[PDB]
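Nothing in this text is a laboratory measurement; each read-out follows from the coordinates by a stated rule. So basically every Cβ, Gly included, is an ideal-geometry build from the backbone, and we count neighbours across all protein chains shown.
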Amino acid sequence: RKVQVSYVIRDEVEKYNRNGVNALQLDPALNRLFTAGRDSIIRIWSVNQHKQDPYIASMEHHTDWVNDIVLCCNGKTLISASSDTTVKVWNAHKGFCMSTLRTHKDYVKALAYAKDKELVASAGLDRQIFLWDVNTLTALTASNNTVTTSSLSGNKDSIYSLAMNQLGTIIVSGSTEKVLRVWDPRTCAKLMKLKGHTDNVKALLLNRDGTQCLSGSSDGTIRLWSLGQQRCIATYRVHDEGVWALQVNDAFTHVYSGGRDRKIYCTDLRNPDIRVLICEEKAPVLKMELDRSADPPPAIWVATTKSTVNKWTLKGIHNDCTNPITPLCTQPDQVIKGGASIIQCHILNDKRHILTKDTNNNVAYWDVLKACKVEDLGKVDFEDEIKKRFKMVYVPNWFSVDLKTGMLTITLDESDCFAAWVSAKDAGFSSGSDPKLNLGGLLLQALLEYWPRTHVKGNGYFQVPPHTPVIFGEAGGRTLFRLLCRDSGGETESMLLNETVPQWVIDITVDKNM
Amino acid sequence: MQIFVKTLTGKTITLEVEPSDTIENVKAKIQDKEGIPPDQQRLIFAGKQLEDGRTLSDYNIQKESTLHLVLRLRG
Amino acid sequence: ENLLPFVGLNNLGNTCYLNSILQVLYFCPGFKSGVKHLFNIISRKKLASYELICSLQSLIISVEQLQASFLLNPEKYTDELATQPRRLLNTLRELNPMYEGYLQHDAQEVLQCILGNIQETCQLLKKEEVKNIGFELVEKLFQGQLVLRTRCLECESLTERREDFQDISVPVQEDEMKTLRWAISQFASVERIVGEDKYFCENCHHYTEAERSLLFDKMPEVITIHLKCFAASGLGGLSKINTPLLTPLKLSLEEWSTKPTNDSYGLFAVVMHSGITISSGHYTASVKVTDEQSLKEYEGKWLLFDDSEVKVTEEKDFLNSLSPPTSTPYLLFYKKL
Ligand SMILES: [Zn+2]
């Protein structure tokens, strides 16, 4: 369809999450925690209570929410699922992206993993479920090795969760259709339809031999299923609002649940009515990852809509009450600190500067043309600061801003990218002459300044920061190709740019003509 | 802001607008999405039919406000 | 020769759009009594909305008098029994100059203009009285309270908007036969918003999938159903849909209500349009007699008002023409039982 150019205004290193965390993976051999950030960055942390700075690395390739991650191959390989419609394959030890799968056509929401087959599956809002052989994915070229997919059909609505068993013999999807759908991943054959839930199902777990399934649903219930009988064998109503996250011990006898009501419970499957409040988190729980160092898990890591990630200890579980008031725990055992998200954005009348407000009520002033921050203004009044900087000037709209990652993402579209002519003098530039500059055209040239095909470097008036992410996407989300501005001179990047840069950008950046 | 529009089939579509946008802008955005001429459109908000020349803030239309699209069955 | 005691309405030059809804308003339960009360308040205290109330009382009395003139000695009249509503047309021309001339117009649009102006009168007289039931006229007869629920499927936050409504804008076909149950469900039932048209969750700060539902909260005495008997392709470009819905006699909005009720509504009036295009056509009305003076030979039958003309059609014979043709339904009026 119609191809948009975007870029992110940010620092070269974003040490802290800038948004909530969608998913968690624990490498037990290296004591490393992976977080899948809503800020589009995956980060590796050390979980040694020794280290003063648990940050290890950021893995920067996605353009939107990272919704799920799966550590494969004894921690060598990470696979990620994002709202940018892609699945990416990472070297988890060195922290770089190796391949990008683009078979999904909407937000990819869930990943599933069959350890014994090195099989992963992806599913999203497009109602598709693709199956991927992990050993098959490392494809350097089209002759030595083309990656191939296999997919399942039947989902009548957007898929929100997905699980496989360890043996890779059962796969289950959860969706807004309120039925769980089951296939054999080996044959892609439909096996059964599990009916019972009255709302979306965002959490799924299978036991080791794929004979029982636990589902967590926005209707507030947890349901246990027998796959041999194709029926529900127990329903648990331990939450007040939607259940979004489930974990289970190795024995498949205690289930840990969390969701919108922020409360996290451990409930015994053999005696449902006895449930224990482990803690109440500070924000809706999105995902939980048990620490499995010991059979009775010593701790549980919890991801929420906040940028902080808390580890809660479990030492002291040996109750009676069905609706406990007092949480078992009150303070996290470890805390990985997060940063603020930009939650409000106003484009000024000059169509050049932006005022932001973040979750700390801090206000900043940015230069869209130079792709950078200008000054932090502290905790001033946001609307009073807007009215204070009002200038009676009209410039046609020529970009759009989005806050989906918590950082500033600027998008250019062919329809209005070239709408804003300004004079060199009023834009603060100097060569001398004072001709008329097109803002979108100069920016496009700065974004592709390192692309050799644009040479005869840059636009002659300003540069963007070299680390600026440059994104080529389809209208309404779907990323085609993403690179950093400085990397355009690469052999891989120049080939991929030639394949992805739309002719309406080529016109300005290559042919040098409006 | 994002407003809702109930089309002739009963299907809801979203429109990105601003409070200072005139009703003519909204009808032109519906023409972009539904191919219906603006002079042939009739838009109801909470029982009140919108008039050209006025803006969305004149009718106190906010985010998640629903406009109902109909036509003029002249007889 | 076989003349009827019910009064028609002269066509003054493409004014069947006005005559159709006026004949429906006359037969609405509280309308006649209500405009008399609003006339009696303006007659005490005190142009614009006041003139519209007087014009409405001028016509209603003119219709009531002409019927009494016929019931006294019907041998005075031959093959016609109708009155002209010129004062109401002139005030409407002053309220909206589009009604000037003699062009064709939408019946729903003129009903909205009349009811909306009467309500402005009620609210203007509420202020002039309180500064020093009647003014509840439009609100208890035709107007209802709607509840539009939007639920982000990401965070499951459910926001709400209360909007008033006087009719229920309803689709006729999808783009074999669709019932009215289907059609109201297209309006009110859950509608998932997905794909290249995603809801923007301000809490999530992200485009998300959403579930939208509309619920009826406060319901009035008359439920108006406004059918969208037309569609567009983009090819003047627009077209009428001649095939209508399967129209029931009894209606209940319990399944789309905010709270369980046992209120059932009964169809009593239908406004129809005849023509292949939207640009022009012919409006008529059809009204069922229900509930007081010796005229009970007709109770249960359907009177058809075609401008100055008026017929009596049978319950079964009219009901067949209402569903799949000649004229096609455009408005449906139900009333509480
Ligand atoms: Zn949300």
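Selection within the stretch A:235-261: residues that are of a type in the set (A, V, I, L, M, F, W, C), in contact with a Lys or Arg (Cβ under 7 Å, 6 or more places away or on another chain) and part of a strand (DSSP E or B). The member of this set that is nearest to the other protein chains (Cβ to nearest Cβ) is A:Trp244. Of everything listed in (1) facing chain B (nearest Cβ under 8 Å); (2) within 16 Å of the ligand (Cβ to nearest atom); (3) of a type in the set (D, E, K, R), the single unmet condition for C:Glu191 is (2). Residues that are within 23 Å of the chain's Cα centre (by Cα), in a loop (DSSP other than H, G, I, E, B) and surrounded by fewer than 20 Cβ atoms within 10 Å (Cβ to Cβ) within the stretch A:262-290 comprise A:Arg262, A:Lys282, A:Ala283, listed in sequence order. From the list B:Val70, B:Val5, the lone residue that is more than 7 Å from chain C (Cβ to nearest Cβ), hydrophobic (A, V, I, L, M, F, W, C) and touching a helix residue (DSSP H, G or I) at 6+ places or on another chain (Cβ under 9 Å) is B:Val5. How about the stretch C:126-147: which of its residues are within 12 Å of chain B (Cβ to nearest Cβ) and surrounded by fewer than 21 Cβ atoms within 10 Å (Cβ to Cβ)? Scanning the stretch C:126-147 gives C:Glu139, C:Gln145, C:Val147.
Here is a yes/no grid of residues against (1) aliphatic (A, V, I, L, M); (2) within 16 Å of the ligand (Cβ to nearest atom); (3) over 22 Å from the mean Cα position of the chain (by Cα):
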{"site": "C:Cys155", "(1), (2), (3)": "no, yes, yes"}
{"site": "C:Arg161", "(1), (2), (3)": "no, no, yes"}
{"site": "C:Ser169", "(1), (2), (3)": "no, no, no"}
{"site": "C:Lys178", "(1), (2), (3)": "no, no, no"}
{"site": "C:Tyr199", "(1), (2), (3)": "no, yes, yes"}
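Scanning the stretch C:129-136 finds one or more residues that are away from the ligand (no atom under 16 Å from the Cβ) and among the aliphatic types (A, V, I, L, M). Between A:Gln4, A:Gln25, the distinction of being within 14 Å of chain C (Cβ to nearest Cβ) and in contact with a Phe, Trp or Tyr (Cβ under 9 Å, 6 or more places away or on another chain) belongs to A:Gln4 only. Could you grab me the full set of residues in the stretch A:27-50 that are in a loop (DSSP other than H, G, I, E, B) and on the phi < 0 side of the Ramachandran plot? Passing the criteria: A:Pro28, A:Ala29, A:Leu30, A:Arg38, A:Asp39, A:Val47, A:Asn48, A:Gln49, A:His50. Is it the case, given these coordinates, that C:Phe165 is at the interface with chain B (Cβ under 10 Å from one of its Cβ atoms), aromatic (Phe, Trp, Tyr) and surrounded by 18 or more Cβ atoms within 10 Å (Cβ to Cβ)? Spelling it out, C:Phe165 is indeed at the interface with chain B (Cβ under 10 Å from one of its Cβ atoms), aromatic (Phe, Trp, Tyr) and surrounded by 18 or more Cβ atoms within 10 Å (Cβ to Cβ).
Looking only at the stretch B:7-37, residues that are farther than 19 Å from C:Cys201 by Cα and outside any loop (DSSP other than H, G, I, E, B) come to 13 in all.
Only one of the listed residues (C:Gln112, C:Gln123, C:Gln119) is away from the ligand (no atom under 16 Å from the Cβ), out of contact with any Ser or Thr (no Cβ under 9 Å at 6 or more places or on another chain), in a helix (DSSP H, G or I) and more than 10 Å from chain B (Cβ to nearest Cβ). That residue is C:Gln123. In this structure, is C:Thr91 away from the ligand (no atom under 16 Å from the Cβ) and in a loop (DSSP other than H, G, I, E, B)? It is false that C:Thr91 is away from the ligand (no atom under 16 Å from the Cβ) and in a loop (DSSP other than H, G, I, E, B). Where strands (runs of 3 or more DSSP E) fall entirely within the stretch C:201-240, none has at least 3 residues that are closer than 30 Å to A:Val285 by Cβ, within 17 Å of the chain's Cα centre (by Cα) and within 16 Å of the ligand (Cβ to nearest atom).
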